[PDB]
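Participant: Provide a 3D model corresponding to the input given below.
(chains A, B, C, D, E and F, ligands or ions: 3)
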Amino acid sequence: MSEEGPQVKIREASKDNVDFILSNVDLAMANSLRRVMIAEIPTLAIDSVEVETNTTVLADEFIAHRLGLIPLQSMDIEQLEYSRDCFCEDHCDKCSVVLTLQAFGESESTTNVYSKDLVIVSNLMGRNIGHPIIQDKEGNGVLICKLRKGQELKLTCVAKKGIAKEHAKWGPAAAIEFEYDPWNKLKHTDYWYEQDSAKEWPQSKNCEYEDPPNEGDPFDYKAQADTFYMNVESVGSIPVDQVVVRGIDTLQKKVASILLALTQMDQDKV
Amino acid sequence: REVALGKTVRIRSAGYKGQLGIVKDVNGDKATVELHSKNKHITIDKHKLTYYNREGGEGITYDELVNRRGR
Amino acid sequence: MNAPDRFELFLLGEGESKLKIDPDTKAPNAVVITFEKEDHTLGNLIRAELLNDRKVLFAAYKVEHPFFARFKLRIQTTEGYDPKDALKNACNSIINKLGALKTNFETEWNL
Amino acid sequence: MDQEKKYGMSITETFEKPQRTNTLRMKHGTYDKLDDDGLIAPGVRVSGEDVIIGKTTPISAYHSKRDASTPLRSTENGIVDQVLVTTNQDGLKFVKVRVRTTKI
Amino acid sequence: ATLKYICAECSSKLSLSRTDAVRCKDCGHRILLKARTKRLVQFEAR
Amino acid sequence: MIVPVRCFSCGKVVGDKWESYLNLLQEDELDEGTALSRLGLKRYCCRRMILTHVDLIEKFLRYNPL
Ligand SMILES: [Zn+2]
Ligand SMILES: [Zn+2]
Ligand SMILES: [Zn+2]
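Facilitator: Residues are numbered from 1 along each chain as shown, chains lettered A, B, ... in the order given. Ligands and ions are numbered 1, 2, ... in the order given. The coordinates are given below.
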């Protein structure tokens, strides 16, 4: 309850998904928030891989791509500086995290390599970043590659800050459900009925949640979309609530940067 | 007789920070450096990129004028 | 390979400015503002907020080509009203709405 | 692919890194990536007209040897993954190299 | 050259020179492969 | 060759679900759909990632290495 701005209502919450309803908000703001949440949150991922010995049956580029696709902890990501903005040669402790992976084949059977085998050799300085995310009952994590007896894998990886816009490996959200107006009260779409619209088109699960069914009343031309049902799913690097908070913060920061640029250009003009 | 010829180098600053490449051609203050992971050629100032050893070791700045060797 | 660098669509290059305003001679009190490194995300919000105003007679935006991350925004206001003032008001309203939404979401998640 | 083909008796090609001192009409591609045996070790990134196999043939003023190296293709580049060296039926040297690239 | 020739189905780090024939001292195979390079091999995940 | 780390369409991480999928297929004798539902893959975009995956890594591992 803060002013007459947008209102929220959380339906279901979990460790990986959050369900909420957006009210008293325009469609453009919700779409911008969704776009920011899917392609603007800064995260941490492996960007540079140095290979020493690779005797496995997989190519070096294959393993590099697989390692770059592995999610990493990014809770304290605001304390890490961008590599381009950092005063260093390649990477230091204040702008990157170094991880080393060593695998060897001892047993006769196949020896799998998991994301839990990654070891952080850099200094985190107390920051909660760089730890691989293991959401599994067995605790093994993401499978990287399989090697038999004799084969040896040894490489070093460097993790750097980035956003999903540059590469899809930096995206913290998997899929975001967006829906509004479960009934066709706004007439924003025309259905493809062959015999009847109601029977052929299944009813959405959000029909019961508010939005009473329409009657034979005249069409309302003064109504606008103001209620939105959203479900945000997180990969695991960032909590869902933190994902939404960081999306709102990023949108606010972008608008504030636009305002600052406008003020600077006004001052320069005068 | 340029020293920065056929030597493994690492690009610092700019948008190619941390990349590994080998110098190919030098044109005055600008030098053409290839890329290992990326299949493209980029031109940057020779005084910017650091210099490494062919086998591998410590990296140094453009101070290689006083020591016409690798590393 | 002619593929452009991925960071070129969201990083401001040397010699480039984020904002660039040109007066419009087609209609009085009309200006054209060119943004850089933005892809519809601020454009839709800014256009909607400007249209929400009562002193703004025209507000539209377009992206000339998907290859380049840049859109042009045209604002025409009523007599005696500076379009830059309208843009500042829209930005301030957006900031206030986003802050209120963030506070409400945090309060809802806390319980 | 390349072979150490032999002309007559004494006119036999050899696999070695050519030098400017005694090689004439040689290619302008880079020879830094070459080794003493004349082959590029696996794991070395190559591009452009870089020479992968270094072969020279005797001429018969000095310059007794003339290069016969085969450069990489102009539009192709990548990292060498496997280099194979063996002998043909008669007993000369047989050399095969491979280049690996990813096409996004 | 030296320490740069691995025999097939042997995995032996036998070394050659400009005069030795192309063969393995354990099995006698006529096919050999270069082990690897000692230079830096770095890839980007992007 | 090996299971993709992330789903191509949305981006859900499925790298640890292959072993569990095989175990559910070979211990509990469940059909593919029930195992997929148990693993948590709801959208068919994620379902197709592991439902139609070929494990060619074992065939490569069959050959004797160096
Ligand atoms: Zn740094
Ligand atoms: Zn042998
Ligand atoms: Zn999916």
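
Participant: From residue E:8, how far off is the residue in chain F that chain E sits nearest to?
Facilitator: Distances between chain F and chain E by C-beta to the nearest C-beta are smallest at residue F:66, namely 4.6 Å. To be clear about C-beta, it is placed using only N, CA and C from the backbone, and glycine gets the same treatment. In this view, residue F:66 and residue E:8 are 8 Å apart by C-beta to C-beta, to the nearest Å.

Participant: can you give me the helices in the chain?
Facilitator: I went with chain A, as the question did not name one. Taking DSSP state H, the helices of chain A run over residues A:27-39, A:60-68, A:197-200, A:240-269.

Participant: Hmm, no, I was thinking of chain C.
Facilitator: C:41-52, C:83-110.

Participant: just the ones you listed: most buried one?
Facilitator: Among these, ranked by average contacts under mean count of other C-beta atoms under 10 Å in any protein chain shown, first place goes to helix C:41-52 (a mean of 21).

Participant: Contact residues of chain F facing ligand 3?
Facilitator: Contacts of chain F with ligand 3, taken as C-beta under 5 Å from the ion, map to F:7, F:9, F:10, F:12, F:45, F:46.

Participant: could you dump those residues to JSON lines with distance to chain B?
Facilitator: Shown next, in JSON lines, are the residues of chain F next to ligand 3 (distance: C-beta to the nearest C-beta, whole Å):
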{"residue": "F:7", "distance to chain B": "24"}
{"residue": "F:9", "distance to chain B": "26"}
{"residue": "F:10", "distance to chain B": "27"}
{"residue": "F:12", "distance to chain B": "26"}
{"residue": "F:45", "distance to chain B": "29"}
{"residue": "F:46", "distance to chain B": "29"}
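
Participant: top of those by neighbour count?
Facilitator: Most neighbours among these, by other C-beta atoms under 10 Å in any protein chain shown: residue F:46, with 25 neighbours.

Participant: Could you measure from residue B:60 over to ligand 2?
Facilitator: 43 Å (C-beta to the ion, to the nearest Å).

Participant: Mind listing the residues bridging to that residue?
Facilitator: residue B:51 (DSSP bridges).

Participant: what's near enough to touch the residue most central in space within chain B?
Facilitator: Geometric centre of chain B, nearest residue: residue B:9, 3.5 Å, by C-alpha atoms, centre = their mean. With contacts defined as C-beta atoms under 8 Å, 6 or more residues apart in numbering or on different chains, the neighbours of residue B:9 are B:20, B:21, B:22, B:23, B:33, B:49, B:50, B:51, B:52.

Participant: quick one: it and residue E:43, what's the gap?
Facilitator: 17 Å.

Participant: can you give me phi and psi for the nearest residue to residue A:219 once chain neighbours are set aside?
Facilitator: Using C-beta to C-beta, 6 or more residues apart in numbering or on different chains and skipping residues adjacent in sequence, the residue nearest residue A:219 is residue A:187, 6.7 Å away. Residue A:187 has phi and psi values of phi 60, psi 40 when expressed as degrees, to the nearest 10.

Participant: and residue A:187, how many residues sit next to it?
Facilitator: Neighbours of residue A:187 (other C-beta under 10 Å): 11.

Participant: about what we covered before: and the residues of chain F next to ligand 3, which is closest to ligand 1?
Facilitator: The nearest member of those to ligand 1, counting by C-beta to the ion, is residue F:12 at 31.9 Å.

Participant: returning to that earlier point: using ChimeraX, make a named selection holding only the buried ones among the contacts of residue B:9.
Facilitator: Selecting the buried subset of those in ChimeraX, with 16 or more other C-beta atoms under 10 Å in any protein chain shown as the burial test, is done by:
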select /B:20,21,22,23,33,49,51,52
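
Participant: Closest one of the contacts of residue B:9 to ligand 1?
Facilitator: residue B:50 (13.8 Å).

Participant: List the residues that contact the closest one.
Facilitator: Contacts of residue B:50 (C-beta under 8 Å, 6+ apart): A:89, A:90, B:9, B:10, B:12, B:59, B:60, B:61.

Participant: if we can go back for a sec, separation between the residue of chain F closest to chain E and chain A?
Facilitator: Distance, residue F:66 to chain A, using C-beta to the nearest C-beta, to the nearest Å: 6 Å.

Participant: Pretty sure that residue sits against residue E:13.
Facilitator: No: contact criterion C-beta atoms under 8 Å: residue F:66 and residue E:13 do not qualify, at 10.5 Å.

Participant: Give me the common contacts of those two.
Facilitator: In contact with both residue F:66 and residue E:13: residue E:6, using C-beta under 8 Å, 6+ apart.

Participant: okay, residue F:66 and residue E:8: which has more neighbours?
Facilitator: residue E:8 (17 against 14).

Participant: Get me the contact residues on chain D for chain A.
Facilitator: D:79, D:81, D:100, D:102 (C-beta under 8 Å from any C-beta of the partner chain).

Participant: switch the cut-off to 6 Å
Facilitator: residue D:102 (C-beta under 6 Å from any C-beta of the partner chain).

Participant: if you take the average position of chain D, which residue is closest to it?
Facilitator: Residue closest to chain D centre, computed by C-alpha atoms, centre = their mean, is residue D:53 at 1.8 Å.

Participant: For that one, give me the backbone phi and psi.
Facilitator: According to degrees, to the nearest 10, residue D:53 has phi -120, psi 130.

Participant: Pairing-wise in the sheet, spell out the partners of it.
Facilitator: Beta bridges link residue D:53 to residue D:39, residue D:70, judged by DSSP bridges.

Participant: For chain C, see how far away it is.
Facilitator: Here residue D:53 is placed at a distance of 26 Å from chain C (C-beta to the nearest C-beta).

Participant: Leaving out sequence neighbours, find the closest residue to residue D:59.
Facilitator: Nearest in space to residue D:59, with sequence neighbours left out and distances taken as C-beta to C-beta, 6+ apart, is residue D:66 at 5.6 Å.
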